[PDB]
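Architecture and fold: a report
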Amino acid sequence: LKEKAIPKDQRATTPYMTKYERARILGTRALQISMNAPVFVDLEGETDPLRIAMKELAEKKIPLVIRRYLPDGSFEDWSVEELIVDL
Amino acid sequence: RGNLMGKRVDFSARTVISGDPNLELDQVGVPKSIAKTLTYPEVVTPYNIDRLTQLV
Amino acid sequence: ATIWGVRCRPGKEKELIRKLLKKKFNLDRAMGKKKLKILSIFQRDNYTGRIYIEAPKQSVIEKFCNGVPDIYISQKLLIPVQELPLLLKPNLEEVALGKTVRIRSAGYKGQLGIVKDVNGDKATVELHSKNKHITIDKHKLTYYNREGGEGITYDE
Amino acid sequence: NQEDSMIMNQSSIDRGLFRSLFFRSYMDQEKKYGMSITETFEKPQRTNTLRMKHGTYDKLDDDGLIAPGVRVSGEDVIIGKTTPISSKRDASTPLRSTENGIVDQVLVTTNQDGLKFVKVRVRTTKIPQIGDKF
Amino acid sequence: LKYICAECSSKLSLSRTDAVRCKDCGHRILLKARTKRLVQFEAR
Amino acid sequence: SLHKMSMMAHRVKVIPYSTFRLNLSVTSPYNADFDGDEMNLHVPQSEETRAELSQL
RNA sequence: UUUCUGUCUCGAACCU
Ligand SMILES: [Mg+2]
Ligand SMILES: [Zn+2]
C-alpha cells in the first residue's frame, strides 16, 4: 500500500540533515567506493573511501535517498541533493 | 542477559592505561603487539592496490 | 483388611524380606505364647523400592522394624480396601628450522637464537637472550651445531 | 606522572632497581587410562598417527623432558607425553602462550600410585616497564 | 650425566625402563643438571 | 560504563610499548586514573562501522 | 607435499 507514503509536498520533517543520516551516508558511500562503485567527483589522488564520501557529500553529488520513517509506518522521501547538510 | 543483551566479540583488546600529554585529544596509543594482532578487513580497490600489495 | 505399604531402598527388597522373616522366626523361637502379630510381609519387583505388610497396629511394625536398615519406617501409608484385589491379582508386570643460530648484521648480533618459522627469505628466530621474536634474513645468520664450537655459514 | 602514575628512572631500572625473577612450574602425570595401559614420557613423532601441536618439538630430548638448560616460549612443549589410543596420540602440555623463559629445573619422581610424575620449573627475568604497577 | 640425585648429589646416567630411585640412597627425587648445549645471556 | 561519554572513538597511533596511552584530558569522562586501571579497545570491521564511529 | 587444537563446573583470592 502506497497511501502511507507522503508525496514530495506536505512533508513535515526537517530538511536539515541529521548527524545519523550523515554518518550512514558516509558509510554507505564508503562501502560503494571501497567495492568498485563509480565515483561521482574528480579525484585529486584521494585514496580513503570515507574521505571520498565526505567530498561527494560536500558537493551534493551522492545518489542516495532517505525514507524518513514516520513511526506509524508512513515515510517522507528526502533526497540527499536537497537535504541541507549544514551542521 | 549473558549471551544476547551482552555477549562476547573478537577484534578487541584490553590493557593498562598511562597518561600521555604529547598525544592529541582524540588520539590513542596502541601497543605494537596489539596492532599486530588486531586487523581491519580492507577491500582491494585501484586506490589502495599498491599499499595493500606492499602490506601483503 | 489392614495393609500398609512402606518405602525402602530399591533393588534389595528380597534381602529385606528374608532378613525380616529370619528375625521373626528367631523371635518366635525365643518368645512363648505372646507372639508378634504380623500376618504377612511381601514385596513387588516392578513397583521396586517398596514393601507391603499386614498387621493390626502400627506399633507392631515399629517394634518389628527397629534396627532394620534400608527401610524408611517414617514413610508408610494405608492401602485402600478397594485397591487390594488389583494389587494382589496374579497378572501383573627447511634444514634451518629448529637450529641454533647467530645473527650477524643487526642490533642483535653475536646473539644465539632458535629458528622458529621461515616465511621465505626472512627467518623468524626467538632470541636466545631476549624474550622477543625477531625476523631477519636467513642468509646473514651463521648456524651452529647442537653443541657449540665451529660456526658454519649457510651452505648445508 | 599524572593521576598518581610515576616516572621511573631507566638508568636505575637497568642498573638493578626493582628487577625480579618469575618462576612458574608445570606438572604432568603418567595417569593409568586402561588397565595395563600407561603413557610413556617420550618424544612424540609425526611418523605415527598422533594429534601433536604446531609448536616446536626439537626442544625435547629422547628422554621426554626438554634437556634442562634449553629454553622455551609461546607454545613450545615442556613435557613430552603420548597417550595410547585403542596407534597413540600426543598429550604433551605446551608452555603458556603469553609467558616464556629458561627452564630452571625439572623433577621426575613416582607419585603414591607409582605412575611417573614430572614437575618442570621455568625462570624468567621481569624488569619494570611502563605498565608495571608500584 | 642424564640425572642427579637430590641428596646423594650423584650422577645416575640411567635409561628408560629403569627405576627412578637413587642407587646410593633411598631417595628418588632425581633432579637433572644443565644441558650440554651452550647457553648465552647478556647483562641487560 | 556508567554514562554516555565513557565509550568514545579514538584515532589509533601505533606506539611501541605494552600499554595503551591516552590523552590526559579524556580521563574525566572515562573516570580513569592510570593507577592500574585497564581499558578496552574495539576495532571496527567495516566502512559503515568506521563511518559511524568517526562521525557520530 | 601428510594442519584450524579445546572443555564444563563448584569455588577461592586479588585488580580497577
Ligand atoms: Mg583507578
Ligand atoms: Zn639418591
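Check the entry above for the structure.
The present account deals with the structure reproduced in this document. (Residues numbered from 1 in each chain as written, not as in the entry; some residues may be left out. Chains lettered and ligands numbered in written order. Part of a larger assembly, values for the part shown. Heavy atoms only, no water. Residues with missing side-chain atoms left out of burial classes, pairs and counts.)

**Comments concerning the overall build of chain A**
Helix and strand counts for chain A stand at two helices and two strands. In chain A, the succession of helices and strands from N to C terminus is α-α-β-β. Dimensions of chain A, computed from the C-alpha atoms along their principal axes, are close to 45 × 25 × 20 Å. Residues counted as buried form 40% of the 87 residues belonging to chain A. Contacts in chain A between residues far apart in sequence, at least 24 positions, make up 49% of those at least 6 positions apart. (Helix = DSSP H or I, 4+ residues; strand = E, 2+ residues; numbered from the N terminus. Buried < 20%, exposed > 50% of the residue type's maximum accessible area, 1.4 Å probe, protein only. Contact = heavy atoms within 4.5 Å.)

**Things to note about the packing of helix 1 (residues 19-34) of chain A against helix 2 (residues 49-59) of chain A**
Residue and element names in this part refer to chain A. Two elements in contact, helix 1 and helix 2, have axes whose closest approach is 8 Å; the angle formed by their N-to-C orientations is 120 degrees. What the angle tells us is that helix 1 and helix 2 run oblique. Seen along the crossing, helix 1 lies across helix 2 with a hand that is right-handed. Contact residues: helix 1 offers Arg-22, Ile-25, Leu-26, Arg-29, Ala-30, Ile-33 and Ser-34, while helix 2 offers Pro-49, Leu-50, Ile-52, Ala-53, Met-54, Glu-56 and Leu-57. Here the residues of the contact of helix 1 with helix 2 are counted per class, giving 10 nonpolar, one polar and three charged. (Axes fitted to C-alpha atoms, helices over the stretch in contact; angles between N-to-C directions. Parallel < 35°, antiparallel > 145°, perpendicular 65-115°, else oblique. Left-handed = near helix turned anticlockwise from the far one by under 90°. Nonpolar A, V, L, I, M, F, W, Y, C, P; charged D, E, K, R; others polar.)

**Brief notes about the packing of helix 2 of chain A against helix 2 (residues 47-55) of chain F**
Two elements in contact, helix 2 of chain A and helix 2 of chain F, have axes separated by 11 Å at closest approach and are oriented at 65 degrees. In the packing of helix 2 of chain A onto helix 2 of chain F, the handedness of the crossing is right-handed. Contact residues: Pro49(A), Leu50(A) and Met54(A) in helix 2 of chain A; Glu47(F), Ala51(F), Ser54(F) and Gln55(F) in helix 2 of chain F. Grouping the amino acids of the contact of helix 2 of chain A with helix 2 of chain F by side-chain chemistry returns four nonpolar, two polar and one charged.

**Things to note about the coordination of the zinc ion (ligand 2)**
All names here are of chain E. Here the zinc ion (ligand 2) is held by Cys-5 (SG), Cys-8 (SG), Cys-22 (SG) and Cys-25 (SG), and the distances to it run 2.1 to 2.3 Å. Taken together, the four donor atoms coordinating the zinc ion (ligand 2) and their angles of 47 to 117 degrees define a geometry best described as irregular. Each donor residue of the zinc ion (ligand 2) lies on the same chain, and together they follow the pattern C-x2-C-x13-C-x2-C. (Donors = N, O, S within 2.8 Å, 3.2 Å for Na, K, Ca; no water. Tetrahedral: all angles 85-135°; square planar, octahedral: opposite > 155°, others 65-115°.)

**Description of the protein's contact with RNA strand G**
Close to RNA strand G lie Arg51(D), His54(D), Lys133(D), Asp35(F) and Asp37(F), which account for all nearby residues. In RNA strand G, atoms within 4 Å of the protein come 94% from sugar and phosphate. Contact between RNA strand G and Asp35(F): a sugar or linking oxygen at 3.4 Å from a side-chain N or O atom of the residue. Across the surface near RNA strand G, the residue classes tally to no nonpolar, one polar and four charged. (Near = heavy atom within 4 Å. Polar contact = N/O pair within 3.5 Å; in protein donor to acceptor, adjacent residues only side chain to side chain.)

**Here's the deal with the pattern of salt bridges**
Summed over all chains, the structure comprises 24 salt bridges over all chains. The partner of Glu46(A) in a salt bridge is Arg51(A), with the nearest N and O atoms 2.5 Å apart. Residue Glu46(A) is classed as buried on the basis of its relative accessible area of 16%. Its salt-bridge partner being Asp76(D), residue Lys59(D) comes within 3.2 Å of it at the nearest N-O pair. In this pair, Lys59(D) is assigned in the loop between strand 2 (40-41) and strand 3 (71-72) and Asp76(D) in the loop between strand 3 and strand 4 (77-79), connecting sequence segments 17 residues apart. For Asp76(D), a relative accessible area of 0% gives the class buried. Among the ionic contacts, a cluster of salt bridges with common partners joins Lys116(C), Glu126(C), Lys59(D) and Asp76(D). (Salt bridge = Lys/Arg side-chain N within 4 Å of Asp/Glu carboxyl O.)

**Brief notes about the state of the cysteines**
One pass over the full model with this rule turns up one disulfide over all chains. With a sulfur-sulfur separation of 1.8 Å, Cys8(E) is cross-linked through a disulfide to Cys25(E). (Disulfide = S-S within 2.5 Å.)

**Focus: the nonpolar core**
Membership of the largest hydrophobic core comes to 26 residues, with the highest contact counts inside it found for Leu65(D), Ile78(D), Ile79(D), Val118(D), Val120(D), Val122(D) and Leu30(E). Among the elements of the structure, strand 4, strand 8 (101-110) and strand 9 (116-126) of chain D are those that each provide at least two residues to this core. Counting residues in each nonpolar core, the second largest holds 16 residues, with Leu16(C), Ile53(C), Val60(C) and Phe64(C) among its members. (Core = buried A, V, L, I, M, F, W, Y, C linked by side-chain atoms within 4.5 Å.)

Remember, this is a structural readout, not a statement about activity or role.
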